[PDB]
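In what follows, a single structure is set out as structure tokens and then discussed.
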Amino acid sequence: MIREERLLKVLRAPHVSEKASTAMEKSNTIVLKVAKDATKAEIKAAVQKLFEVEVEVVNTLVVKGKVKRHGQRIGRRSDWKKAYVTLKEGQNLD
Amino acid sequence: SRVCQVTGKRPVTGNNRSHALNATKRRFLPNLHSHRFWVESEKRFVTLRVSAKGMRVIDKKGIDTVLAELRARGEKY
Amino acid sequence: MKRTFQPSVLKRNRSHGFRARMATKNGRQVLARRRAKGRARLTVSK
Amino acid sequence: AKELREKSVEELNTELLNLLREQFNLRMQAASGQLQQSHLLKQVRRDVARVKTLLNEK
Amino acid sequence: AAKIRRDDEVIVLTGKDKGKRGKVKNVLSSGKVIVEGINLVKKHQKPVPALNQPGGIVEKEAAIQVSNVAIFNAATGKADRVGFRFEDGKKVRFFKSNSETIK
RNA sequence: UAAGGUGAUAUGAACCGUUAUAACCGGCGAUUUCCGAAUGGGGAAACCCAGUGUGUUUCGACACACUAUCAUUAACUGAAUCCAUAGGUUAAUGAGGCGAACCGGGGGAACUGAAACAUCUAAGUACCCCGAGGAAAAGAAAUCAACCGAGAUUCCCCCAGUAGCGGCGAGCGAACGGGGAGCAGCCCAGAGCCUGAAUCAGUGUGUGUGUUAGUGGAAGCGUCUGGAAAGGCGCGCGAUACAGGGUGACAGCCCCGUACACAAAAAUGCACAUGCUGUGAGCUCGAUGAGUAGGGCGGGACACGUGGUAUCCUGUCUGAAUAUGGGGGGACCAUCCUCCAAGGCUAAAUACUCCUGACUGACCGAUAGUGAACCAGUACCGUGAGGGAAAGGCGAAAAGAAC
RNA sequence: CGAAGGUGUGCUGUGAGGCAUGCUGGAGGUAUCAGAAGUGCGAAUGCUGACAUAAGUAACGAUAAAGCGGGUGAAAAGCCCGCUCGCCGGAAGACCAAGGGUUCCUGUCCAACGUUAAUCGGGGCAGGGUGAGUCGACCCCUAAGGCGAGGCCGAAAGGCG
Ligand SMILES: [Mg+2]
Ligand SMILES: [Mg+2]
Ligand SMILES: [Mg+2]
Ligand SMILES: [Mg+2]
Ligand SMILES: [Mg+2]
Ligand SMILES: [Mg+2]
Ligand SMILES: [Mg+2]
Ligand SMILES: [Mg+2]
Ligand SMILES: [Mg+2]
Ligand SMILES: [Mg+2]
Ligand SMILES: [Mg+2]
Ligand SMILES: [Mg+2]
Ligand SMILES: [Mg+2]
Ligand SMILES: [Mg+2]
Ligand SMILES: [Mg+2]
Ligand SMILES: [Mg+2]
Ligand SMILES: [Mg+2]
Ligand SMILES: [Mg+2]
Ligand SMILES: [Mg+2]
Ligand SMILES: [Mg+2]
Ligand SMILES: [Mg+2]
Ligand SMILES: [Mg+2]
Ligand SMILES: [Mg+2]
Ligand SMILES: [Mg+2]
Ligand SMILES: [Mg+2]
Ligand SMILES: [Mg+2]
Ligand SMILES: [Mg+2]
Ligand SMILES: [Mg+2]
Ligand SMILES: [Mg+2]
Ligand SMILES: [Mg+2]
Ligand SMILES: [Mg+2]
Ligand SMILES: [Mg+2]
Ligand SMILES: [Mg+2]
Ligand SMILES: [Mg+2]
Ligand SMILES: [Mg+2]
Ligand SMILES: [Mg+2]
Ligand SMILES: [Mg+2]
Ligand SMILES: [Mg+2]
Ligand SMILES: [Mg+2]
Ligand SMILES: [Mg+2]
Ligand SMILES: [Mg+2]
Ligand SMILES: [Mg+2]
Ligand SMILES: [Mg+2]
Ligand SMILES: [Mg+2]
Ligand SMILES: [Mg+2]
Ligand SMILES: [Mg+2]
Ligand SMILES: [Mg+2]
Ligand SMILES: [Mg+2]
Ligand SMILES: [Mg+2]
Ligand SMILES: [Mg+2]
Ligand SMILES: [Mg+2]
Ligand SMILES: [Mg+2]
Ligand SMILES: [Mg+2]
Ligand SMILES: [Mg+2]
Ligand SMILES: [Mg+2]
Ligand SMILES: [Mg+2]
Ligand SMILES: [Mg+2]
Ligand SMILES: [Mg+2]
Ligand SMILES: [Mg+2]
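Protein chains in written order, with full-length UniProt numbering: chain A, 1 to 94; chain B, 2 to 78; chain C, 1 to 46; chain D, 3 to 60; chain E, 2 to 104.
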């Protein structure tokens, strides 16, 4: 059992890319940028409740922030988390 | 450490001085001996790491006298 | 030509690590002398 | 009073839930290039802070 | 606690345009104000693709120190200095000369 | 308190508010992820792995709280061994860690000087460890002094670089007493009478004065040079305000302020009284801190280096009278004088500033001044302790050069 | 109606120096008399910063080797494609564990880097990319070895177990 506050606060944003579009159009899979304390059992529940869409498995990966320079000082971006949510056949969303 | 439970004596520092007044650091140690004292009140022996002066103090005052002082001080016997 | 520095993260953290400097009481003095100086990196732990 | 101290704990919880839903919707809309008014995020976050503080006060 | 506000008529004391009158537009925290058509600068504005800005030389107002301006007393046509008093339990401004409350 | 605001490089977009829940400042509060004394176990710091209990449960399981060690207590069940101890479980209480300097203790050198060097000095200095407090320690005479007397302890100035110690070499260095800051003495070692007495205070309130946001705050014009006036030339005014800073060149009267007069919803410090939980007064009588003082053997501390060396402490061995008694008065004896150790508490003068507020400097002005006036203990070097920089100024206003 | 300072001229005093002024400079300087010094530099293989000399000299980093035809571009021997030559091939090939931490791909750029230029690159900017019940880490168990409840010892710290 998972509360609703966690399901509402776990998701951060969707992800826009050519690979994400190809995955959505050829394998029924969406790409979501989520938080760090997230888990597969929580992402699946959040997608099933908020979006009312069935999910079978979730593939999550962590992204390493890049080190850039704004002028002379150096700065490392935040390490965000990416999740691949595969939708069951027959369900569509955007 | 080499400490008298009764009198509180601990090793001290001094100097070895020869016939030419050469001073070398040295330590003065107590004459500690582990002895078993017979306490009649609890009908059991007790082991105490004391010196000969502590033994004379025990012989002059008594064992129950010293054990009560140890309990007041917080020492374990 | 084998130089003196052959890196190893585990061996580096076992010796020059915060958990090791907490023990070996003279490591607390090392940490204090860096905190008073204002070091940005007290140890090499990442 | 902010018209919320006179309410009940159940009403505050329901307001908490719908404010979180609105915050999630606004975040989803801001992630894509379609949201324009960004002050709503701060407003809803401060309202959530107010209601959560009132819950602790109760 | 401010003697100059965004809806007050003021006259310039010192500068290249002393003696000119106008209405201020805004008040800044750096002790500067913008007055209508007083301190004009021929700024060179470069075009940008965004907003389809064509550019061109633009006449724009410039910031002026508050100490270089003062309230204008239309009752006598002369400049005045602002003070503070209390009326009906509320702080209000008044002129140092002839003691007339600002309306 | 207020008509302007959403911190800076940093402009923008999107908004709030303009007579009072916009922002801002202060007080009281809540949330306060993880590592880190870290405290549920572990650990390559910001990581891993749990148990118990209570609550939810669309049965996928989720949420919260507790669970380290030590010491002092309370209860229960406890072994060798019968009563009884050791030991084990639970609950309550307190700390443990960090910090610039000051302090008291436990340890403790050398380079140097002596023109070498070992006694000595450097020095009980540097450094290590423990402890506690805004001060700490010490503190009420078994003290000095000299037949006259002072009366706790602490700090300053003289006594004095004198008397003294010292391979009498280098060097070390008092005390008596005087003049000053400051000031209060008590309690147990034990019983009885009066009966809750002065009394320290953590105790509860109000009163007064602050501190933590703040209010009012006087008095000027013309002309000239000049990019711009505060400058010059003239005429006026305020001042319990001509301390200071800013504003286009040097402003008492342009602005912020200043002299001065006021203000607290709420917490908090400081002085007084107040039922206030316990204190224990006052009187009579009695007692007077024993393996201690002294002594022997090998050391140290007192200006004092065993020297004729007086005095304090003990590492070891012994070792009394104890009110008719004992200690001290610089080897020691006699007389005389002074004082009652072997149990404790005690503020004020006195030492210091990591940090707060105000003010000042015949202090410095970017190779100076803190290492760092600037995104500095940063970049960088070394595995690591650690070492450690360089670098400031457009213009009054970016009006930062449309084309 | 032009201060300090900078750069020249003239005059003057036995001297260290002083005075006046042209130009740049654009806001402070200071008479006389006294007082206090971080008070005068050519050296110390003095310190910091800058600039010369040797000098446009050596060198441009394994003697495995390159030639040509087209393309983009302001410009090509070095960027792209194609046809030939040569080299390693128990490697000069392909996977990894250590270690490094975006250096991986695309678009774009040519100020600084590449010991030359460069349209190129591990060089600048922006964007994207790392998907595990079966791999590893996590986890069970221990070796050497560390810590170590209590415990023993130790002037404190602490040492052993
Ligand atoms: Mg899968
Ligand atoms: Mg010595
Ligand atoms: Mg802002
Ligand atoms: Mg208010
Ligand atoms: Mg507040
Ligand atoms: Mg833990
Ligand atoms: Mg632990
Ligand atoms: Mg010598
Ligand atoms: Mg000595
Ligand atoms: Mg007498
Ligand atoms: Mg000495
Ligand atoms: Mg005011
Ligand atoms: Mg005023
Ligand atoms: Mg004038
Ligand atoms: Mg100027
Ligand atoms: Mg003795
Ligand atoms: Mg003795
Ligand atoms: Mg003697
Ligand atoms: Mg004596
Ligand atoms: Mg004597
Ligand atoms: Mg004598
Ligand atoms: Mg006595
Ligand atoms: Mg006494
Ligand atoms: Mg400097
Ligand atoms: Mg300079
Ligand atoms: Mg080294
Ligand atoms: Mg000139
Ligand atoms: Mg000068
Ligand atoms: Mg000159
Ligand atoms: Mg000049
Ligand atoms: Mg002068
Ligand atoms: Mg000099
Ligand atoms: Mg020179
Ligand atoms: Mg030189
Ligand atoms: Mg040359
Ligand atoms: Mg050549
Ligand atoms: Mg040559
Ligand atoms: Mg040649
Ligand atoms: Mg050559
Ligand atoms: Mg060559
Ligand atoms: Mg080459
Ligand atoms: Mg070659
Ligand atoms: Mg070609
Ligand atoms: Mg080539
Ligand atoms: Mg071949
Ligand atoms: Mg071969
Ligand atoms: Mg590297
Ligand atoms: Mg890069
Ligand atoms: Mg590449
Ligand atoms: Mg590229
Ligand atoms: Mg070029
Ligand atoms: Mg090049
Ligand atoms: Mg090179
Ligand atoms: Mg690149
Ligand atoms: Mg994975
Ligand atoms: Mg496997
Ligand atoms: Mg083992
Ligand atoms: Mg232990
Ligand atoms: Mg061990």
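C-beta: ideal position from N, C-alpha, C; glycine also.
- A Cβ-Cβ contact shorter than 7 Å links residue 11 of chain E with residue 73 of chain E.
- Per DSSP, residue 13 of chain A is one residue of the beta strand (DSSP E) stretching across 11-14.
- Cβ-Cβ separation between residue 33 of chain A and residue 12 of chain A: approximately 5 Å, consistent with a contact (criterion under 8 Å).
- Taking a contact to require three or more Cβ pairs closer than 8 Å, the segment 11-26 of chain E and the segment 28-46 of chain D do not qualify as touching.
- In the three-state reduction of the DSSP assignment, residue 34 of chain B falls in the strand class.
- By the C-beta density criterion, residue 40 of chain D is exposed, having fewer than 16 other C-beta atoms within 10 angstroms.
- Listed in chain order, the non-local C-beta contacts of residue 60 of chain D below 8 Å within the same chain comprise 11 and 14, local neighbours out to five positions each way being set aside.
- Interface annotation, residue 33 of chain D: in contact with chain A, CB-CB separation under 7 Å.
- Proximity of chain D to residue 4 of chain A at the Cβ level (cut-off 7 Å) is accounted for by 19, in chain order.
- If you draw a straight line from the Cα of residue 15 of chain C to the Cα of residue 48 of chain D, it is about 48 Å long.
- By the neighbour-count criterion, in which 16 or more other beta carbons inside 10 Å mark a residue as buried, residue 15 of chain B falls on the exposed side.
- Using a Cβ-Cβ distance cut-off of 8 Å, the segment 55-64 of chain E and the segment 78-85 of chain E are not in contact, since fewer than three pairs of beta carbons, one from each stretch, lie closer than that value.
- About 5 Å separates the beta carbon of residue 76 of chain A from that of residue 65 of chain A, a gap short enough to meet the 8 Å contact definition.
- Cα atoms of residue 83 of chain A and residue 51 of chain D: separation of roughly 29 Å, rounded to the nearest angstrom.
- Using a Cβ-Cβ distance cut-off of 8 Å, the segment 52-69 of chain B and the segment 16-24 of chain B are not in contact, since fewer than three pairs of beta carbons, one from each stretch, lie closer than that value.
- Within the segment 37-52 of chain D, not one residue has a Cβ closer than 8 Å to any Cβ of chain A.
- Across the structure, residue 11 of chain C and residue 20 of chain C are spaced so that their CA atoms are roughly 12 Å apart.
- C-alpha of residue 32 of chain B to C-alpha of residue 44 of chain B: approximately 28 Å in a straight line.
- When CB distances to chain D are screened at a threshold of 9 Å, not a single residue of the segment 63-85 of chain A falls below it.
- Interface with chain D (7 Å Cβ-Cβ cutoff): residue 38 of chain A is excluded.
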